[PDB]
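One structure is given below, encoded as structure tokens.
As a convention, Cβ positions derive from the backbone with ideal geometry for all residues, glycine included, and neighbour counts pool all protein chains shown. None of the figures in this text is laboratory data; all of them are computed from the coordinates on show.
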Amino acid sequence: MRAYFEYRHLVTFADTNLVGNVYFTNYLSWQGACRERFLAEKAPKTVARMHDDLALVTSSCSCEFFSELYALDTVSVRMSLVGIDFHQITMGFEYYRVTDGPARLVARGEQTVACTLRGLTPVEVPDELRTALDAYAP
Amino acid sequence: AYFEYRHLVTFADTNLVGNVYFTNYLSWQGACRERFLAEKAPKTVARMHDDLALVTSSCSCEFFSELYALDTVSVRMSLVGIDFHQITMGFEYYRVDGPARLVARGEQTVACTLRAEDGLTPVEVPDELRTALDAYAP
Amino acid sequence: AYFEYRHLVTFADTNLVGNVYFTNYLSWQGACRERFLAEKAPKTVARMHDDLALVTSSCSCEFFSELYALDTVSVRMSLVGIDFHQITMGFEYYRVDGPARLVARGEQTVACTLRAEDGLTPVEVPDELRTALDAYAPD
Amino acid sequence: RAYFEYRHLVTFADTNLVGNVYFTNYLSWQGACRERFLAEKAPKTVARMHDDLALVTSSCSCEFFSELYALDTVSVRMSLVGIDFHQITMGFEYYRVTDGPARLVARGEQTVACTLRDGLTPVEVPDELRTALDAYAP
Ligand SMILES: [Cl-]
């Protein structure tokens, strides 16, 4: 089983603010880009269910910032499976600065998504998505 | 004769250079036009959850002087014209204290279509939306 | 005892699911904390162009209910505590017709620092910013 | 080739309640593309920006032909339209390349001015930036 799923992003000017570093919200956006790239590549049919009856909703998210990223930096975001609780999936995120080559931890994050049906009713994690997560056991 | 959208420029609007990143000016067009829809055309809005689709045909903006963090910008929207199913809106951006100072100028066009299974077929501007826009006609 | 930031939810705030994308909740914290600086701490703001830097050390948000397009959200900020150089802010998100409805709840921590020689350097919260946050502290 | 390419996977944050990509994102991609270009083709020019050189966006625009959707892959193709002493005009073509075949979905354009950083003074486009731009001339 693979330990992680890697997402890479080149930091551009819009990611930064007047202070000179990457604005904190962008770290959360990278969690979104990462988790949804995983869905596109590892569980395509699950996405089709979302336009129907399936509803994947973020229940919580968080991020801790150790060091700063700058413009034209390359960030490597590694997502790992923390655990599954019936309908809830918890992910872990590790942010690395890999601009000069060697990776250096600049931030650590975590978020939880819930699988529901269109009010909203908790439903067990779809088998396709469930099989995809099996290769990323902690 | 204009519909105003006021916005306090915060750090996220800025970049490492110090000024407001140019894409935010287009974002303010969206916030303005949709705040307009919420206040002036509720029936048109409620209809969008059904068979009505508003698609942006084109957009543009011209920049004269820069906005900075914690500045207050007055986005002022006016009706440029209506061509059957297409609505063209004009935007003027004002740095507002003292007298208001023009810092930018923009424009975008929105088309009204019927969301059908075959595709998006152009429908004339809804009566509610047209009369509401005429209040800001030249 | 809270500082309010009101926001009209527009189409850009939503995604294909129909609700507000979760990152926007964090954006509203930034918009709220910086509106606070502009209105309650001008001396601290101008000092940031000098040798003062406010770095975000952590943030989080819990989501109870969904916000939709053209909803009005009341982002209410209060002081949780201060530890030397770090400020922890609490956030409550309310859906505002009728009575206000809590839809989310978050928190973030900001550290004050010097732009000195070896980069960032921990600094006790400026007196201007310290007394400004007191008005929104549980007291 | 005849264009500098910026490839982007459309994720959920790019979309709105309708299901298509919100129009402002097309402009965001112009910024990401131009700044990725600068990082790879004009590193010394980038270095000048932290000193006295300032590239100011004077205008931008985009024309939308057909919609992009979630998990689409878009190919943003930037070419040189013209250089007027200190002003650079870039052209952008947006292609859906999801399933493989490329289809034009949008076309944009923006102009940047090379100035010096009181007051702004026009300065001729740096030779490094100029010769790098010539590779994508019409
Ligand atoms: Cl569009």
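A few remarks follow.
- Flag if C:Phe84 is among the aromatic types (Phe, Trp, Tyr), more than 9 Å from chain A (Cβ to nearest Cβ) and over 30 Å from A:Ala114 (Cβ atoms): yes
- Top-ranked residue in region D:9-30 [being buried (at least 20 other Cβ atoms within 10 Å of the Cβ) and more than 14 Å from chain C (Cβ to nearest Cβ); ranked as farthest from the chain's Cα centre (by Cα)]: D:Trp29
- D:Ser59 vs. criteria within 16 Å of the ligand (Cβ to nearest atom), surrounded by fewer than 21 Cβ atoms within 10 Å (Cβ to Cβ) and within 14 Å of chain B (Cβ to nearest Cβ): no
- Condition check for D:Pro122: in contact with a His (Cβ under 6 Å, 6 or more places away or on another chain), away from the ligand (no atom under 16 Å from the Cβ) and away from chain B (no Cβ under 13 Å): yes
- Of the strands (runs of 3 or more DSSP E) lying entirely inside region B:79-123, those containing at least 2 residues that are crowded, with 16+ Cβ neighbours inside 10 Å and small (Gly, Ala, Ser) are B:101-115.
- Condition met for C:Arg6 (basic (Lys, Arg) and either out of contact with any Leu (no Cβ under 9 Å at 6 or more places or on another chain) or crowded, with 20+ Cβ neighbours inside 10 Å (or both)): yes
- Positions within region A:21-38 being touching an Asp or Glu at 6+ places or on another chain (Cβ under 9 Å) and of a type in the set (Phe, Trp, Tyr), in sequence order: A:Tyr23
- Search result, residues across region D:66-78 that are surrounded by 15 or more Cβ atoms within 10 Å (Cβ to Cβ) and either among the small types (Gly, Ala, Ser) or away from every other protein chain (no Cβ under 14 Å) (or both): D:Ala70, D:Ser75, D:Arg77
- Restricting attention to region D:31-56 and to residues that are under 14 Å from the mean Cα position of the chain (by Cα) and among the basic types (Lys, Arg), the residue that is farthest from the other protein chains (Cβ to nearest Cβ) turns out to be D:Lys41.
- Meets criteria (polar (S, T, N, Q) and assigned to a helix (DSSP H, G or I)) for A:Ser59: no
- Within region D:62-77, tally of residues that are within 12 Å of the ligand (Cβ to nearest atom) and assigned to a loop (DSSP other than H, G, I, E, B): 4
- Test: residue in region D:47-54 that is within 16 Å of the ligand (Cβ to nearest atom) and part of a loop (DSSP other than H, G, I, E, B): no
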